[PDB]
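Below is one structure; the comments refer to it alone.
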Amino acid sequence: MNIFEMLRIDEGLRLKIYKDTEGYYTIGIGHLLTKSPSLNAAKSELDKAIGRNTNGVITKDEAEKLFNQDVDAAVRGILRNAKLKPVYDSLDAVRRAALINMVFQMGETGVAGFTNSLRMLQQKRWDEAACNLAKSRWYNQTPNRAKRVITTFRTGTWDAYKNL
Ligand SMILES: *SCC1=C(Br)C(C)(C)N(O)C1(C)C
Ligand SMILES: [Cl-]
Ligand SMILES: [Cl-]
Ligand SMILES: [Cl-]
């Protein structure tokens with residue numbers, strides 16, 4: 001298991017524009033195109049992202065390219081952020097993946113806002129961090145995915161992603 005395999009499980013793979021859990025136009029492996037309710041706007045974002053006039057459909061290779069960029073962007077976002085960087089630096093490799101996962105899903109600013117959870121993570125109070133993380137819109141809206149990510153922070157193992 002690694003961050004790519006982890007996010008691939010959590011995000012799935014779809015080669016045609018679809019709406020994510022929040023109803024936003026998305027493609028590939030959880031690549032958010034736009035929050036605009038306009039399919040045309042989403043298609044424009046897609047063509048720009050891929051560098052060609054797509055019929056709202058991409059190849060697996062193209063999906064994986066966007067995915068690579070997006071994982072890179074999440075890590076980059078964590079390292080540039082004054083709140084996220086110290087937490088990330090304090091974590092082991094498995095828990096680092098859990099933090100990247102959160103940033104991939106909700107964005108740098110969103111995760112940076114989890115002040116109390118971040119402190120507990122920094123303190124290595126894993127059970128307490130786990131409980132605090134669950135007290136969120138994130139957990140309530142995507143409970144199975146949040147449970148997997150939280151289990152990863154709680155245990156520092158890939159147990160939540162085995163047999164998946
Ligand atoms: S997060 C607080 C709780 C814990 Br530690 C367990 C035992 C899982 N619970 O049922 C809660 C929600 C009270
Ligand atoms: Cl998805
Ligand atoms: Cl992009
Ligand atoms: Cl879920």
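Ligands are numbered from 1 in the order shown, chains are lettered A, B, ... in the order of the structure tokens, and residues start at 1 in each chain.
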
Original post:
Skipping near chain neighbours, those fewer than 3 positions away, what residues fall within 8 Å of range 37-42 of chain A using only C-alpha atoms, listed as a PyMOL selection string?
Top reply: chain A and resi 24-26+33-34+45-46

Produce a file of the selected residues containing N, CA, C and O atoms, as an mmCIF file, in the first residue's frame.
```
data_model
loop_
_atom_site.group_PDB
_atom_site.id
_atom_site.type_symbol
_atom_site.label_atom_id
_atom_site.label_comp_id
_atom_site.auth_asym_id
_atom_site.auth_seq_id
_atom_site.Cartn_x
_atom_site.Cartn_y
_atom_site.Cartn_z
ATOM 1 N N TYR A 24 -20.229 17.701 -7.613
ATOM 2 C CA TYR A 24 -19.332 18.470 -8.489
ATOM 3 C C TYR A 24 -18.723 17.648 -9.616
ATOM 4 O O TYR A 24 -18.285 16.504 -9.408
ATOM 5 N N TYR A 25 -18.672 18.253 -10.803
ATOM 6 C CA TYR A 25 -18.115 17.592 -11.976
ATOM 7 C C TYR A 25 -16.659 17.212 -11.742
ATOM 8 O O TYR A 25 -15.839 18.060 -11.350
ATOM 9 N N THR A 26 -16.374 15.937 -12.008
ATOM 10 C CA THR A 26 -15.110 15.293 -11.705
ATOM 11 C C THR A 26 -14.790 14.286 -12.816
ATOM 12 O O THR A 26 -15.672 13.896 -13.590
ATOM 13 N N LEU A 33 -13.061 18.972 -11.433
ATOM 14 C CA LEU A 33 -12.949 19.890 -12.567
ATOM 15 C C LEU A 33 -13.393 21.303 -12.205
ATOM 16 O O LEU A 33 -12.704 22.282 -12.509
ATOM 17 N N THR A 34 -14.543 21.400 -11.548
ATOM 18 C CA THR A 34 -15.107 22.689 -11.196
ATOM 19 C C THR A 34 -16.254 22.492 -10.236
ATOM 20 O O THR A 34 -16.844 21.414 -10.177
ATOM 21 N N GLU A 45 -12.803 23.044 -18.508
ATOM 22 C CA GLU A 45 -11.734 22.780 -17.549
ATOM 23 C C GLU A 45 -10.997 21.508 -17.946
ATOM 24 O O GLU A 45 -9.764 21.446 -17.896
ATOM 25 N N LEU A 46 -11.754 20.496 -18.360
ATOM 26 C CA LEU A 46 -11.158 19.221 -18.756
ATOM 27 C C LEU A 46 -10.208 19.379 -19.941
ATOM 28 O O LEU A 46 -9.077 18.900 -19.902
#
```

**OP:** Pick out each residue of chain A that DSSP on the backbone tags as strand (DSSP E); I need them as a PyMOL selection string.
**Re:** chain A and resi 14-19+25-28+31-32

Original post:
If you measure from atom 4 (C, counted along the ligand's line) of ligand 1 to CA of residue 9 in chain A, what distance in Å do you get, rounded to one decimal?
Top reply: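 Separation of atom 4 (C, counted along the ligand's line) of ligand 1 and CA of residue 9 in chain A: 26.3 Å.
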
**OP:** Write as JSON, numbers by chain the residues around ligand 3, taking 10 Å as the cut-off and counting only C-alpha atoms and all ligand atoms.
**Re:** {"A": [31, 32, 33, 45, 46, 47, 48, 49, 50, 51, 65, 66, 67, 69, 70, 73]}

**OP:** Dump the neighbourhood of ligand 1 as a list in words: all residues within 9 Å, distances computed on only C-alpha atoms and all ligand atoms.
**Re:**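 My answer, listing the contacting residues, is residues 127, 128, 129, 130, 131, 132, 133, 134 and 135 of chain A.
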
What does the file look like for those residues with C-alpha atoms, as a CSV table (one decimal), in the first residue's frame?
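Here's the written file selection_20.csv:
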```csv
chain,number,residue,atom,x,y,z
A,127,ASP,CA,-7.2,7.8,19.9
A,128,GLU,CA,-8.0,11.4,20.9
A,129,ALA,CA,-7.1,12.7,17.4
A,130,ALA,CA,-9.3,9.9,15.9
A,131,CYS,CA,-12.3,10.9,18.0
A,132,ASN,CA,-11.8,14.6,17.2
A,133,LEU,CA,-11.5,14.0,13.4
A,134,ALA,CA,-14.9,12.3,13.4
A,135,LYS,CA,-16.6,15.4,14.8
```

Original post:
When the cut-off is 10 Å and you count only C-alpha atoms and all ligand atoms, which residues lie near ligand 2, shown as a list in words?
Top reply: residues 7, 8, 9, 10, 11, 12, 13, 14, 18, 19, 20, 21, 22, 24, 25, 26, 27, 28, 29, 30, 31, 32 and 105 of chain A

Selection file, N, CA and C atoms, as a CSV table (one decimal), in the first residue's frame:
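Below is the file that was written, part22.csv:
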```
chain,number,residue,atom,x,y,z
A,7,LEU,N,-5.4,6.4,-2.4
A,7,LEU,CA,-6.4,7.3,-3.1
A,7,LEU,C,-7.1,6.7,-4.2
A,8,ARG,N,-6.5,5.7,-4.9
A,8,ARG,CA,-7.1,5.0,-6.0
A,8,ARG,C,-8.3,4.2,-5.4
A,9,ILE,N,-8.2,3.6,-4.3
A,9,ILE,CA,-9.3,2.9,-3.6
A,9,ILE,C,-10.4,3.9,-3.2
A,10,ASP,N,-10.0,5.0,-2.6
A,10,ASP,CA,-11.0,6.0,-2.1
A,10,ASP,C,-11.7,6.8,-3.2
A,11,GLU,N,-11.0,7.0,-4.3
A,11,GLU,CA,-11.6,7.9,-5.3
A,11,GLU,C,-12.2,7.1,-6.5
A,12,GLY,N,-11.7,5.9,-6.7
A,12,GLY,CA,-12.2,5.1,-7.9
A,12,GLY,C,-11.6,5.6,-9.2
A,13,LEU,N,-12.0,5.0,-10.3
A,13,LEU,CA,-11.5,5.5,-11.6
A,13,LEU,C,-12.7,5.5,-12.6
A,14,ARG,N,-12.9,6.6,-13.1
A,14,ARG,CA,-14.0,6.8,-14.1
A,14,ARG,C,-13.5,7.7,-15.3
A,18,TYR,N,-18.2,12.8,-14.4
A,18,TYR,CA,-19.2,12.3,-13.5
A,18,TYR,C,-19.3,13.3,-12.3
A,19,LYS,N,-20.4,13.2,-11.5
A,19,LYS,CA,-20.5,14.1,-10.3
A,19,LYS,C,-20.0,13.4,-9.1
A,20,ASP,N,-19.1,14.0,-8.3
A,20,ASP,CA,-18.5,13.5,-7.1
A,20,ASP,C,-19.6,13.4,-6.0
A,21,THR,N,-19.1,13.1,-4.7
A,21,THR,CA,-20.0,13.0,-3.6
A,21,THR,C,-20.7,14.3,-3.2
A,22,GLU,N,-20.1,15.4,-3.6
A,22,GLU,CA,-20.7,16.7,-3.3
A,22,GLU,C,-21.5,17.3,-4.5
A,24,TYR,N,-20.2,17.7,-7.6
A,24,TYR,CA,-19.3,18.5,-8.5
A,24,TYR,C,-18.7,17.6,-9.6
A,25,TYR,N,-18.7,18.3,-10.8
A,25,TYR,CA,-18.1,17.6,-12.0
A,25,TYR,C,-16.7,17.2,-11.7
A,26,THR,N,-16.4,15.9,-12.0
A,26,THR,CA,-15.1,15.3,-11.7
A,26,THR,C,-14.8,14.3,-12.8
A,27,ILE,N,-13.5,13.9,-12.9
A,27,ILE,CA,-13.2,12.8,-13.9
A,27,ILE,C,-11.9,12.1,-13.3
A,28,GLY,N,-11.7,10.9,-13.9
A,28,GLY,CA,-10.5,10.2,-13.6
A,28,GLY,C,-10.5,9.6,-12.2
A,29,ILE,N,-9.4,9.8,-11.5
A,29,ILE,CA,-9.2,9.4,-10.1
A,29,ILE,C,-9.5,10.5,-9.2
A,30,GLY,N,-10.7,10.9,-9.0
A,30,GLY,CA,-11.1,12.0,-8.1
A,30,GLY,C,-10.5,13.4,-8.6
A,31,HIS,N,-10.4,13.6,-9.9
A,31,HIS,CA,-9.9,14.9,-10.3
A,31,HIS,C,-11.1,15.9,-10.4
A,32,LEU,N,-11.2,16.8,-9.5
A,32,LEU,CA,-12.3,17.8,-9.5
A,32,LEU,C,-12.0,18.8,-10.6
A,105,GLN,N,-8.8,15.3,-0.8
A,105,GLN,CA,-10.2,15.4,-0.8
A,105,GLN,C,-10.8,16.8,-0.5
```

Subject >> helix (DSSP H, G or I) residues, from DSSP on the backbone, in range 78-160 of chain A, as an NGL selection string >> reply: :A and (78-80 or 84-90 or 93-106 or 108-112 or 115-122 or 126-133 or 137-141 or 143-155 or 159-160)

Can those selected residues be exported to a file as a PDB file, in the first residue's frame so that it contains C-alpha atoms?
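Everything below was put into selection.pdb:
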```
ATOM      1  CA  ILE A  78       0.986  20.577   2.771  1.00  0.00           C
ATOM      2  CA  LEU A  79       4.647  21.627   2.632  1.00  0.00           C
ATOM      3  CA  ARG A  80       3.804  25.285   1.735  1.00  0.00           C
ATOM      4  CA  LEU A  84       0.091  21.562   7.851  1.00  0.00           C
ATOM      5  CA  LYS A  85       3.861  21.357   7.355  1.00  0.00           C
ATOM      6  CA  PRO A  86       4.855  20.858  11.052  1.00  0.00           C
ATOM      7  CA  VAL A  87       2.180  18.170  11.448  1.00  0.00           C
ATOM      8  CA  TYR A  88       3.290  16.365   8.272  1.00  0.00           C
ATOM      9  CA  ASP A  89       6.954  16.551   9.337  1.00  0.00           C
ATOM     10  CA  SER A  90       6.084  15.085  12.738  1.00  0.00           C
ATOM     11  CA  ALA A  93       5.136   7.610   6.407  1.00  0.00           C
ATOM     12  CA  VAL A  94       1.764   5.843   6.844  1.00  0.00           C
ATOM     13  CA  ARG A  95       0.170   8.751   8.717  1.00  0.00           C
ATOM     14  CA  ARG A  96       1.709  11.166   6.199  1.00  0.00           C
ATOM     15  CA  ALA A  97      -0.338   9.327   3.543  1.00  0.00           C
ATOM     16  CA  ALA A  98      -3.500   9.824   5.640  1.00  0.00           C
ATOM     17  CA  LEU A  99      -2.854  13.588   5.760  1.00  0.00           C
ATOM     18  CA  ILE A 100      -2.209  13.736   1.986  1.00  0.00           C
ATOM     19  CA  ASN A 101      -5.493  11.848   1.525  1.00  0.00           C
ATOM     20  CA  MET A 102      -7.422  14.526   3.491  1.00  0.00           C
ATOM     21  CA  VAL A 103      -5.763  17.343   1.531  1.00  0.00           C
ATOM     22  CA  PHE A 104      -6.529  15.598  -1.778  1.00  0.00           C
ATOM     23  CA  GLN A 105     -10.217  15.384  -0.815  1.00  0.00           C
ATOM     24  CA  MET A 106     -10.846  18.752   0.889  1.00  0.00           C
ATOM     25  CA  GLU A 108      -5.042  22.612   1.801  1.00  0.00           C
ATOM     26  CA  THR A 109      -7.147  25.401   3.353  1.00  0.00           C
ATOM     27  CA  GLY A 110      -9.879  22.998   4.491  1.00  0.00           C
ATOM     28  CA  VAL A 111      -7.514  20.611   6.283  1.00  0.00           C
ATOM     29  CA  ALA A 112      -5.415  23.469   7.723  1.00  0.00           C
ATOM     30  CA  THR A 115      -6.786  23.093  14.356  1.00  0.00           C
ATOM     31  CA  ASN A 116      -7.652  20.821  17.268  1.00  0.00           C
ATOM     32  CA  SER A 117      -7.218  17.553  15.316  1.00  0.00           C
ATOM     33  CA  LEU A 118      -3.885  18.794  13.972  1.00  0.00           C
ATOM     34  CA  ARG A 119      -2.666  19.552  17.517  1.00  0.00           C
ATOM     35  CA  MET A 120      -3.655  16.057  18.736  1.00  0.00           C
ATOM     36  CA  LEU A 121      -1.892  14.494  15.742  1.00  0.00           C
ATOM     37  CA  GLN A 122       1.217  16.578  16.455  1.00  0.00           C
ATOM     38  CA  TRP A 126      -3.871   8.943  18.280  1.00  0.00           C
ATOM     39  CA  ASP A 127      -7.152   7.832  19.876  1.00  0.00           C
ATOM     40  CA  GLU A 128      -7.999  11.415  20.860  1.00  0.00           C
ATOM     41  CA  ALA A 129      -7.122  12.678  17.361  1.00  0.00           C
ATOM     42  CA  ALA A 130      -9.284   9.917  15.861  1.00  0.00           C
ATOM     43  CA  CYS A 131     -12.288  10.889  18.003  1.00  0.00           C
ATOM     44  CA  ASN A 132     -11.837  14.589  17.224  1.00  0.00           C
ATOM     45  CA  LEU A 133     -11.515  14.013  13.450  1.00  0.00           C
ATOM     46  CA  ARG A 137     -18.890  17.542   8.234  1.00  0.00           C
ATOM     47  CA  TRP A 138     -16.199  15.446   6.480  1.00  0.00           C
ATOM     48  CA  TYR A 139     -16.908  12.366   8.592  1.00  0.00           C
ATOM     49  CA  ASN A 140     -20.704  12.762   8.426  1.00  0.00           C
ATOM     50  CA  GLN A 141     -20.831  13.209   4.642  1.00  0.00           C
ATOM     51  CA  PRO A 143     -18.216   8.231   6.811  1.00  0.00           C
ATOM     52  CA  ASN A 144     -16.753   5.070   5.240  1.00  0.00           C
ATOM     53  CA  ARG A 145     -13.865   6.930   3.587  1.00  0.00           C
ATOM     54  CA  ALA A 146     -13.306   9.088   6.691  1.00  0.00           C
ATOM     55  CA  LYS A 147     -13.318   5.932   8.831  1.00  0.00           C
ATOM     56  CA  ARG A 148     -10.524   4.447   6.686  1.00  0.00           C
ATOM     57  CA  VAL A 149      -8.429   7.612   6.872  1.00  0.00           C
ATOM     58  CA  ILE A 150      -9.062   7.975  10.620  1.00  0.00           C
ATOM     59  CA  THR A 151      -8.135   4.303  11.250  1.00  0.00           C
ATOM     60  CA  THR A 152      -4.879   5.031   9.391  1.00  0.00           C
ATOM     61  CA  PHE A 153      -4.135   7.971  11.742  1.00  0.00           C
ATOM     62  CA  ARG A 154      -5.175   5.938  14.797  1.00  0.00           C
ATOM     63  CA  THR A 155      -3.030   2.868  14.082  1.00  0.00           C
ATOM     64  CA  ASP A 159      -5.338  -2.181   8.095  1.00  0.00           C
ATOM     65  CA  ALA A 160      -8.321  -0.174   6.756  1.00  0.00           C
TER      66      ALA A 160
END
```

**OP:** Find the residue from A:92, A:142, A:163, A:61 that sits nearest to ligand 4; use only C-alpha atoms and all ligand atoms when measuring.
**Re:** A:142
